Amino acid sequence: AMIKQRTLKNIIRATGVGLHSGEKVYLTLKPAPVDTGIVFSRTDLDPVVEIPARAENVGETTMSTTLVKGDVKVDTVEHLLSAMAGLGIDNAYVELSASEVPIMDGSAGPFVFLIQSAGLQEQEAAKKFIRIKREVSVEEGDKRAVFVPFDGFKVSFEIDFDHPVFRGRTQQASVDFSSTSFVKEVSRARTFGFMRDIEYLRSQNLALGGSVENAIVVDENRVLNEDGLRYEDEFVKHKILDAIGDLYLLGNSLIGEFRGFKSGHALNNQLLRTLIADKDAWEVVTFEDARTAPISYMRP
């Protein structure tokens, strides 16, 4: 029982709007051969431009994670990449009719459900993991992102907002994926923004697809969303979701621990680039016997 690479069993399609562009977009997830990785494809262009979901192709990291190849872009890939990492998808072609991945409901729930509705296929090649051997850290002002050696996969995150809805123990969370489910405890965490920031982004022709149906909107004192939150600590869980997605730009699942302190898409990519460059801090490992592996996946 070796831990095998996985792809999709069937093609699956979805429609949505880009959070920032507001453009209607058709998404197609397709099976892919062994060692392809996650590859984004702009099918609206002629010729079709393919962009591997790797750290080396990350462009602008202000609002969302963008993949670039030349002057062709694919915006906001993190929630989809978070779903693929959470379900152990090694190989897949992601086709898009526009430059931005659809926001859906702001979380990874709809992608996780679409991927599992199509089903997974174990392939005939061993799953490759990146094991953290030494600590790697990056800092920028009071922000920090760290990789720590750990026999499993764990993500810790802390946010720091001086605001009435962001107090208590809900500003920090730790998820150990050996005991906790990505689907149940992290996948449904929606993206969020403060109204003054959203107003600024809309004035710069950004956040155009944003709404209460795909984002948690917080004003100076409350959550404006009528139906409320899905988790008591939904905001820090969304940051954990973002980190899993950004970390998947390594190209393989991690055996280690991530700790983020006010970290974002920019600092997360800087942590990846430093890890990749410090080759003594990591190694590639496979598991011919799943009983000796510290990470476990759900049946395909």
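Residue indices: 1-based, along the sequence shown.
When the other compared entries with both flanking residues are checked, residue 79 is modelled in all of them, not unmodelled in a third. Gaps at residue 228 occur in none of the other compared entries of the protein that contain both adjacent residues, all of which model it rather than a third dropping it.
On average the C-alpha atoms of 160-168 have higher B-factors than those of the other stretch, with 108-116 and 160-168 being the two compared.
Checked against the record, the higher mean CA B factor of 15-23 and 286-294 lies with 286-294. The entry assigns its greatest Cα B factor, within the set 199, 124, 100, 78, to 124. The residue among 35, 234, 242, 257 whose C-alpha carries the highest B-factor in the deposited model is 35. Among the modelled residues of the chain, residue 203 sits in the lowest third by CA temperature factor in this PDB entry. In this PDB entry, the Cα temperature factor of residue 28 sits in the middle third of its chain's modelled residues.
In this PDB entry, the Cα temperature factor of residue 68 sits in the top third of its chain's modelled residues, the highest group.
Per the PDB record, residue ranking by Cα B-factor puts residue 48 in the highest third of the chain. Ranked by C-alpha B-factor against the other modelled residues of its chain, residue 269 falls in the lowest third.
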